[PDB]
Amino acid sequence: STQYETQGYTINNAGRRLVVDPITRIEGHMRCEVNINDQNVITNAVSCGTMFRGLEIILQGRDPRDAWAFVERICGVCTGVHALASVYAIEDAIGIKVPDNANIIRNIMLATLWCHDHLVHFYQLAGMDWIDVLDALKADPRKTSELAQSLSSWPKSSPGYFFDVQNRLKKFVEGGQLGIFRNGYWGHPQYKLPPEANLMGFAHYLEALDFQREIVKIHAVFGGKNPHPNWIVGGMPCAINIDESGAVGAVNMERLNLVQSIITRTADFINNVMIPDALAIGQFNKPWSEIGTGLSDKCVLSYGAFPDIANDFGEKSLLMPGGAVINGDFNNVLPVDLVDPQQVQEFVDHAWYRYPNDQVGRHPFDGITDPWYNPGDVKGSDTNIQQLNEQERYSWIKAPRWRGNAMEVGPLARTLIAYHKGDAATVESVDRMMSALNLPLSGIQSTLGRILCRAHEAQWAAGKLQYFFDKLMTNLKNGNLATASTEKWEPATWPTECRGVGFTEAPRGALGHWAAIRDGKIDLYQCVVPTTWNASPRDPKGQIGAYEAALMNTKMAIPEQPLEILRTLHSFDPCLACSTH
């Protein structure tokens, strides 16, 4: 066993080892291992991505115009965000500027995804960590109605409704086929909601499962289908025609009307169902405002997103701010430059890849994806792992750092950056939220805070959807219809050799695609994805990533039941296919 110090933590792998493999209620494949001391406190945490596909290798030799379609399939949960980063990167490389409406529509596509993804995460992925579903069977329907009505204007709150939901659950379980609820953690002492709040949350789980399907109708209008809508280098293929013959074959007034209808319903559901539920989880689980801080009080990172000035990726354009904080100095939001070789680097000394020198990091324009499955001296064998060896290579995830620092990304990171840059709406939202919970601002730097910020961001994105829609309609009223720039569509118009960066803020954090084009073909295509940051293995200095840090120092009530581990990991919304690509 060994012990060392990093980032204020004592990493100690003595004592009992716990394994959670598979991690469920995430996208894709993850394994987590911890060590716990005699006090049932985690003293070591190990984050392992247990899948790899190799998109960066598959993209070599492809036409840059096709790249978006391939990389969109990195992930079907954050569907679309990789396409957006791709078209951005290729346009950056070639020197293509899209028409305003294309940019507005892309901003709509991204806001749509934020709303949808955040909603499903809250209910279907994280929700059951907080809501004791079987305890809902004990609630009183009238007290459930009274609770819901005290928290929200949302219409669906009758005692009869809550009774009907409760009876549906009762019937579901009556035949002993508990399905997704089988062998859960129900009754664990960390479940703190009263029965009525459990029934309210479970009713909302069901309402959200239904309602999420509607949100992505916006993607279907502009992008053809969801999951995995379509895009183009140069703008979007959804040509617009409002007032001319053949508008039936284009985005017309009836199609735009459908979009507006979905926006309003999306805002209403988020504001009157998701938001009050997030606050209620807060009210009943205040101790979790001091659990799972990890790196969120030390180092956080945002690239920024939603350029409002078409083709301007600067600070005056991005509606979702970018910046980096290190060393816990939130007074110093530092600018991020994705071309600077000293900023974003990835290490593989603790990952299943080959580098010429694994003791240094490589900027993505110098990235290498040469897979090498070498788990070394595990307990067990290379095809039957009982315990990973975290002193050597233990993941399919590369280790990104920013100027050598280990960073947290995602909704909490973004919230902190925007707050500390003085974004008025963010400051007001956070202050109001923490005031309602009677918690200090520091309470956001936590597992609970990650969930609160995610809900906040869904409301933020819903409002931005209306803003972008209105901007599109303003253009159309002015006769500005263009959706594509095609003067550099043909490969002969491109530079013989060029490179570009496409970046955005995906639901889970900072996303970047780095592309090099040579002789009409992709020469290099490297992705660094938000869960790559958060789920990162260690680096040559032994520095731990955001998941391992947030799990450090966590108390477990029952070692064999990983509820606390799941709560913290799920709070980051892990997307393992993203992380590994």
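Throughout, rigid core stands for the largest set of C-alpha atoms superposing within 1.5 Å between the two forms. Quick note: we count residues from 1 along the sequence shown, nothing fancier.
Each structure in 5 other deposited structures of this protein is fitted to the shown form on the rigid core, and of 186-194 and 425-433 the C-alphas lie farther away on average for 425-433. Of the two stretches examined, 141-149 and 377-385, the one with higher mean CA deviation in 5 other deposited structures of this protein after a rigid core fit is 377-385. When the two stretches 250-258 and 354-362 are set side by side, the higher mean Cα temperature factor goes to 354-362.
The mean Cα B-factor in the deposited entry runs higher for 154-162 than for the other of 154-162 and 109-117. Across the residues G176, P307, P229, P237, the deposited record lists the maximum Cα B factor for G176. Note on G502, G449, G509, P195: the highest value goes to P195, judged by CA B factor as recorded. For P99, the recorded CA B-factor ranks within the middle third of the chain. Only modelled residues enter the ranking.
Split the chain's modelled residues into thirds by C-alpha temperature factor. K488 is in the middle one. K286 sits in the highest third of its chain by CA B factor, as recorded in the PDB entry. Among the modelled residues of the chain, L481 sits in the middle third by CA temperature factor in this PDB entry. Ranked against the other modelled residues of its chain, the C-alpha B-factor of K298 as given in the entry falls in the highest third.
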